[PDB]
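Trainee: I have a structure I would like to understand better, so I am pasting it below and will then ask my questions one at a time.
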Amino acid sequence: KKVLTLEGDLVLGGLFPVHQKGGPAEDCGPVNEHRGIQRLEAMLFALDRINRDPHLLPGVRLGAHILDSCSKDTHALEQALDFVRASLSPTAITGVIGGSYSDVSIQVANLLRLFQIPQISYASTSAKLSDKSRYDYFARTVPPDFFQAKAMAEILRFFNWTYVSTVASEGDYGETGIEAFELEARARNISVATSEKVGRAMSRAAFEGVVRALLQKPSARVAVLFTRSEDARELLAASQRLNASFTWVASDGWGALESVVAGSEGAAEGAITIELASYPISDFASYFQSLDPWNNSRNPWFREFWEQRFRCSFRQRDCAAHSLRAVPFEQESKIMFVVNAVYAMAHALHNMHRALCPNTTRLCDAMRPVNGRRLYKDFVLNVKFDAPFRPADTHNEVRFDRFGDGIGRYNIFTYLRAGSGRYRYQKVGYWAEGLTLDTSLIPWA
Amino acid sequence: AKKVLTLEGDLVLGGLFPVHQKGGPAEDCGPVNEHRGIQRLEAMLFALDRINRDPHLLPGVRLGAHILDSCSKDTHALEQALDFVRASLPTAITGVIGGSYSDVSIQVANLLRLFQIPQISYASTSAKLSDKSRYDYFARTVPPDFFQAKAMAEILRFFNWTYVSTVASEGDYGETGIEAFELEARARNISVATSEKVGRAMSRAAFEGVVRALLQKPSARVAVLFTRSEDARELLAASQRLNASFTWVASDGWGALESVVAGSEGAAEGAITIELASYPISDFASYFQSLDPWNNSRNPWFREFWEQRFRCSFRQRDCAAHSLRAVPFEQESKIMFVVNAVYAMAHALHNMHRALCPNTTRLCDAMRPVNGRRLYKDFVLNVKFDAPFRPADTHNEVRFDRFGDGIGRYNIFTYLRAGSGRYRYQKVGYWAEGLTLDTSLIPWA
Ligand SMILES: N[C@@]1(C(=O)O)C[C@@H](Sc2nc[nH]n2)[C@H]2[C@H](C(=O)O)[C@H]21
Ligand SMILES: N[C@@]1(C(=O)O)C[C@@H](Sc2nc[nH]n2)[C@H]2[C@H](C(=O)O)[C@H]21
Ligand SMILES: *[C@@H]1O[C@H](CO)[C@@H](O)[C@H](O)[C@H]1NC(C)=O
């Protein structure tokens with residue numbers, strides 16, 4: 001029901017999974033701290049900096065119209081009507097920063113393309129989206145899963161793991177993710193034992209059956225997963241439950257999330273996981289940690305996040321005690337992707353403005369209204385700038401390929417039992433046009 | 001701009017037919033589709049006319065039309081289907097009849113759902129459409145593909161074909177059809193040698209590539225297909241080209257179509273093919289054959305079809321010289337289902353009128369506008385009536401399960417070389433809650 005709106009000369013639409021998927025009865029579930037709130041605030045942070053950037057649209061203010069998908073594609077669409085309501089007779093949406101889940105980005109793309117509205121995803125990695133015959137107004141700051149699968153299979157060949165199995169979740173991402181793995185596997189002389197399917201509706205018993213099924217072919221110790229966080233979580237819990245031992249090789253969904261493993265550490269010990277290569281942003285941590293319910297009114301959902309986060313109630317008046325500065329900050333992995341995606345849309349508009357409004361620094365009649373086709377084809381796809389807030393070590397550019405995709409850069413991790421019974425994720429290498437490993441950091445190596 | 005076919009009435013029904021084929025790699029619409037387009041489109045117009053003369057079906061409420069051309073492309077159909085939702089925010093569409101190809105019905109249903117517009121498909125069989133959590137306003141006069149996939153597995157079993165290969169066309173029809181197939185197969189102790197995918201833009205070399213992949217497993221002489229017509233056609237050609245022999249077991253996409261086997265009669269000989277169980281509708285052939293370019297001004301694609309069918313031009317007064325009665329009439333396999341969908345929607349509107357408009361025969365206040373949620377849940381799903389223009393003997397009735405699905409009734413054919421030398425299809429079986437076969441009619445049996 002709620003929308004986040006910010007004034008500006010040009011309004012960018014946003015789309016985030018602020019809430020999780022609801023019950024069979026309800027549309028929306030509880031608040032998403034990391035993939036919801038933190039990702040939405042990275043958008044707000046980025047627009048704030050952009051609006052204080054002298055070399056980036058100094059005469060044009062970037063406004064916002066941010067929607068909640070509730071982690072369900074059909075819901076994302078009901079909301080997404082806002083972006084197009086004016087045209088079908090918000091006054092004007094210049095472009096959409098959004099889609100977390102591939103299924104959401106695909107659904108929203110199918111509508112946005114009917115209105116020539118450009119779209120940039122910060123998280124969607126299904127290979128389908130690379131097709132400009134169907135998703136001709138879609139671009140992403142992340143690479144497709146074509147390269148993730150290619151990396152996963154390359155790890156197996158290096159470790160001489162010829163017999164292995166697969167799990168994967170219902171949805172565009174997982175299903176189309178594991179086929180890409182199996183294809184790259186077969187090309188490397190890698191056999192598949194069993195190929196399993198997992199849903200969210202699936203209960204404790206059904207997850208145990210998957211683990212049971214993976215044992216039927218015991219010559220395959222290594223399990224390859226292209227699953228959602230909560231599916232990886234469950235399958236890992238089911239493993240500790242009936243004391244099962246697998247060599248997990250898992251996709252970005254699990255990545256280096258402590259939540260996926262928390263509680264089922266023993267079973268997880270030794271897993272090799274993929275996280276799309278990114279870096280933290282120190283300015284964003286400071287920004288997020290300084291947010292409070294009385295000073296962050298512009299976020300319609302922040303008070304709900306706060307009650308949930310600090311098990312308090314504003315009615316009860318027990319929320320003021322708490323503070324984000326006094327708790328351990330853990331930035332979400334794809335925050336870089338959210339900032340990059342916001343900056344990419346801003347660079348595109350600046351570049352469009354340079355070309356269409358030569359005399360004035362302000363929004364001229366040529367960009368009233370902005371032509372989406374022209375914007376996407378000639379400006380979005382042709383941006384080339386140094387990624388903001390990047391470390392001194394890496395020199396990353398924000399650029400789109402022919403298919404609107406990002407560069408196939410991934411970080412490889414291992415989960416290990418560290419000192420004094422603590423468990424942690426360690427960076428063992430990276431995949432950027434070939435595998436790169438340091439097995440010294442790998443315990444079982 | 002593209003034309004539309006509109007007819008006035010009190011209540012207006014949407015129509016969606018593949019009038020044209022997919023255009024080239026750079027054009028949206030291709031040549032005219034005589035059978036799946038023009039004939040199916042005319043069949044909806046025939047049903048409307050008959051209903052509008054019917055004194056027991058909406059005697060006071062006239063049914064109008066807004067028929068759109070899909071051009072056999074989901075992206076094109078969606079551009080067009082916007083005409084269906086503008087009045088909801090200016091013609092108000094009370095319900096839609098349409099979607100031939102599953103991709104199209106799914107895409108359109110995503111949009112239609114947002115505005116509460118009921119959709120009755122006459123040809124889309126993907127099981128994906130049976131999901132009410134996302135296609136809550138969709139129903140169809142055809143059965144879902146769980147039945148046809150089961151029917152296939154039962155054909156294998158009957159002939160003891162326990163080592164087979166599968167081929168699916170990329171999409172919601174092919175991929176979900178084979179998924180279901182493979183499960184039904186597994187349960188019957190039938191193993192799958194290899195499973196192949198036929199892409200969206202395949203070359204002749206790509207098609208050969210597929211055949212070579214099937215030739216890698218020499219024991220599997222059975223090739224089970226869930227393919228589009230042109231894919232089945234193209235697979236046979238490659239099979240002919242490589243002197244490759246297979247026992248094909250195929251879905252309604254190949255059906256009893258001569259389009260598919262023309263040129264590759266030898267490669268196709270001995271195949272087992274499915275076609276949904278239908279009968280030819282009586283008065284439609286006579287209706288269709290009595291159509292000419294001057295009396296049929298209501299169809300905006302009829303002149304184009306005339307010029308294509310009779311290889312003539314109105315620009316050179318060439319065409320008049322002809323008639324559809326001089327030439328043979330072959331009723332497109334799914335005409336029945338098109339007529340049945342129109343009536344299902346008319347009966348649903350009739351029964352809703354009886355309930356909400358007790359006193360009058362005209363549209364009362366309660367149905368201005370028609371509440372789509374009410375219409376679908378209370379009337380569309382509860383229709384039960386004798387099938388229109390059913391053979392004088394038959395007792396067939398139009399109804400839907402509680403999820404909008406039709407009931408699994410199939411005709412099984414064998415492609416044989418007749419005594420007279422010529423190649424033809426022959427009915428040898430039926431599937432309705434179990435398999436029935438006449439092996440005497442199958443030459444290799
Ligand atoms: N790459 C993604 C995609 O859906 O394409 C996969 C899913 S993984 C997930 N599903 C539920 N929780 N986590 C999500 C990831 C992200 O939002 O970081 C996107
Ligand atoms: N049952 C269908 C579905 O797509 O669900 C399968 C496809 S087969 C086809 N024929 C030509 N191109 N593709 C189409 C059939 C029909 O409209 O007769 C629907
Ligand atoms: C299939 O196998 C069974 C078991 O031997 C046999 O009785 C049956 O006749 C076979 N059917 C055909 C058509 O070969």
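Simple scheme: letters A, B, ... for chains in structure tokens order, numbers from 1 for residues in each chain, numbers from 1 for ligands in the order shown.
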Could you list, as a PyMOL selection string, every residue of chain A that has an atom within 8 Å of an atom of chain B, counting only C-alpha atoms?
Mentor: chain A and resi 74+78+85+88-89+110+114+134
Trainee: Kindly work out which residues sit at most 9 Å from ligand 3, using only C-alpha atoms and all ligand atoms, and give the list as a PyMOL selection string.
Mentor: chain B and resi 157-161+439+445
Trainee: Extract, using only C-alpha atoms, all DNA, RNA and protein residues at most 9 Å from residue B:38, discarding same-chain residues fewer than 4 positions from it, and format them as a PDB file with C-alpha atoms, in the first residue's frame.
Mentor:
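Output contents, as saved in result-v7.pdb:
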ATOM      1  CA  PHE B  17      -5.573 -14.880 -32.370  1.00  0.00           C
ATOM      2  CA  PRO B  18      -2.266 -15.493 -34.244  1.00  0.00           C
ATOM      3  CA  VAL B  19      -3.560 -13.811 -37.420  1.00  0.00           C
ATOM      4  CA  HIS B  20       0.006 -13.514 -38.758  1.00  0.00           C
ATOM      5  CA  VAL B  32      -1.104 -14.621 -42.781  1.00  0.00           C
ATOM      6  CA  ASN B  33      -1.963 -17.829 -40.804  1.00  0.00           C
ATOM      7  CA  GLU B  34      -4.966 -19.310 -42.648  1.00  0.00           C
ATOM      8  CA  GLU B  42     -13.804 -16.393 -37.941  1.00  0.00           C
ATOM      9  CA  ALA B  43     -14.937 -19.167 -35.598  1.00  0.00           C
ATOM     10  CA  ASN B 299     -12.529  -8.873 -40.772  1.00  0.00           C
ATOM     11  CA  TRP B 301      -7.210  -9.196 -42.408  1.00  0.00           C
ATOM     12  CA  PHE B 302      -9.589 -11.051 -44.796  1.00  0.00           C
ATOM     13  CA  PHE B 305      -5.676 -13.668 -46.647  1.00  0.00           C
TER      14      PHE B 305
END
Trainee: With only C-alpha atoms as the counted atoms, please give the residues lying no more than 10 Å from stretch 198-200 of chain B, apart from itself and same-chain residues fewer than 5 positions off, as a ChimeraX atom specification.
Mentor: /B:167-171,174-175,206-207,210,227-228,231-232,234-235
Trainee: Could the residues in this selection be written to a file with C-alpha atoms, as a PDB file, in the first residue's frame?
Mentor:
ATOM      1  CA  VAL B 167      13.088 -33.054 -27.280  1.00  0.00           C
ATOM      2  CA  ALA B 168      11.338 -29.894 -26.037  1.00  0.00           C
ATOM      3  CA  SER B 169      10.917 -26.450 -27.689  1.00  0.00           C
ATOM      4  CA  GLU B 170      12.210 -23.586 -25.473  1.00  0.00           C
ATOM      5  CA  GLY B 171       9.134 -22.053 -23.782  1.00  0.00           C
ATOM      6  CA  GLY B 174       7.738 -27.503 -24.475  1.00  0.00           C
ATOM      7  CA  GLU B 175       9.757 -27.345 -21.253  1.00  0.00           C
ATOM      8  CA  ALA B 206      21.650 -26.406 -34.996  1.00  0.00           C
ATOM      9  CA  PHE B 207      18.816 -28.853 -35.817  1.00  0.00           C
ATOM     10  CA  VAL B 210      20.210 -31.915 -31.910  1.00  0.00           C
ATOM     11  CA  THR B 227       7.523 -29.242 -29.764  1.00  0.00           C
ATOM     12  CA  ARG B 228       5.992 -26.336 -31.709  1.00  0.00           C
ATOM     13  CA  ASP B 231      10.262 -27.263 -34.605  1.00  0.00           C
ATOM     14  CA  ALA B 232       8.864 -30.774 -35.234  1.00  0.00           C
ATOM     15  CA  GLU B 234      12.633 -28.789 -38.705  1.00  0.00           C
ATOM     16  CA  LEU B 235      13.684 -31.852 -36.635  1.00  0.00           C
TER      17      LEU B 235
END
Trainee: Suppose you want the space between atom CA of residue B:409 and atom CA of residue B:142; what is it in Å?
Mentor: 9.0 Å
Trainee: List the neighbours of stretch 58-67 of chain A out to 9 Å using only C-alpha atoms; skip same-chain residues closer than 2 positions along the sequence, and give me the result as a count of residues only.
Mentor: 43
Trainee: Set the cut-off to 6 Å, count only C-alpha atoms and all ligand atoms, and list whatever residues fall near ligand 2 as a PyMOL selection string.
Mentor: chain B and resi 100-102+123-126+173+228-229+253
Trainee: Kindly compile the residues surrounding ligand 1 within 10 Å, counting only C-alpha atoms and all ligand atoms, and format them as an NGL selection string.
Mentor: :A and (16-17 or 20-21 or 32 or 34-36 or 39 or 71 or 99-106 or 121-127 or 129 or 142-145 or 169 or 171-174 or 177 or 200 or 226-232 or 251-255 or 257 or 260 or 275-276 or 332-335 or 337)
Trainee: Name the residues in contact with residue B:94 at a cut-off of 12 Å, using only C-alpha atoms, excluding same-chain residues fewer than 6 positions from it; report them as a ChimeraX atom specification.
Mentor: /B:9-15,63-66,84-85,87-88,112,115-120,345-346,348-349,367-376
Trainee: Quick one: residues within 10 Å of residue A:366, only C-alpha atoms, excluding same-chain residues fewer than 6 positions away - as a count of residues only?
Mentor: 5
Trainee: Run DSSP on the backbone and grab whatever in stretch 323-397 of chain B lands in strand (DSSP E); send it over as a count of residues only.
Mentor: 4
Trainee: Pick out the closest residue to residue B:340 from this set: B:401, B:386, B:438, B:27. Count only C-alpha atoms.
Mentor: B:386
Trainee: Could you state the separation of atom CA of residue B:141 and atom CA of residue B:388 in Å, given to one decimal place?
Mentor: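 Atom-to-atom, atom CA of residue B:141 and atom CA of residue B:388 are spaced 12.8 Å apart.
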Trainee: I'd like to know which of B:58, B:435, B:256, B:267 is closest to residue B:151, using only C-alpha atoms.
Mentor: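 Result for the nearest residue to residue B:151: B:435.
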Trainee: Would you list, as a PyMOL selection string, the residues of stretch 36-130 of chain B that end up in helix (DSSP H, G or I) under DSSP run on this structure's backbone?
Mentor: chain B and resi 36-51+74-84+102-114+127-130
Trainee: Measure the distance from atom CA of residue A:371 to atom CA of residue A:339 in Å and round it to one decimal.
Mentor: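 Between these atoms lies a distance of 23.7 Å.
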